């Protein structure tokens, strides 16, 4: 059984960068739905698997990836943000960024370009490539999780689904990206990085 994780702060904690209304809808409505739908889908899949019903297993793939991915992506997202975030990262994460992207500002531009360039709904990802041993930026459509579809280990995710910024920034996705840098929890990104 999967559960909706509690937010590490108060819905209004990210203001004025991300207003309380968005945080509340995004977490208590959108994320909750994914978790609920995921549990329903997993139960159906278990039955199909027990019966060896391959057709049913393949028919359920879209619902599982969408809801399972929705749950995974958001759980990481909440930990990537903090009312005490912002600024730049330090330690070896910082040097990894300089080494792989040239500079922190260059990295920001790269991830911002990837995020803003998503057609429709999606996510912009900084991830870690275990095979090559370096940082890598990637964009994923809809709710397709980073690791499950690309193999990259997620470090920092940026949700560019409209439900993440439209109420406040409307059609100006770049304004949203500009504001989010102020609440990035770099200690969390560093932990995730040191883990892999």
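Positions refer to the first chain, counted from 1.
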Higher-B stretch (mean Cα B-factor, as the entry records it), 7-15 or 21-29: 7-15
Per the entry, higher mean C-alpha B factor between 157-165 and 133-141: 133-141
Identity of residue with top Cα B-factor, from 121, 80, 73, 103: 103
Residue 54 by Cα B-factor - lowest, middle or highest third of the modelled chain: middle
Cα B factor band for residue 149 (lowest, middle or highest third within the chain): middle
Cα B factor band for residue 93 (lowest, middle or highest third within the chain): highest
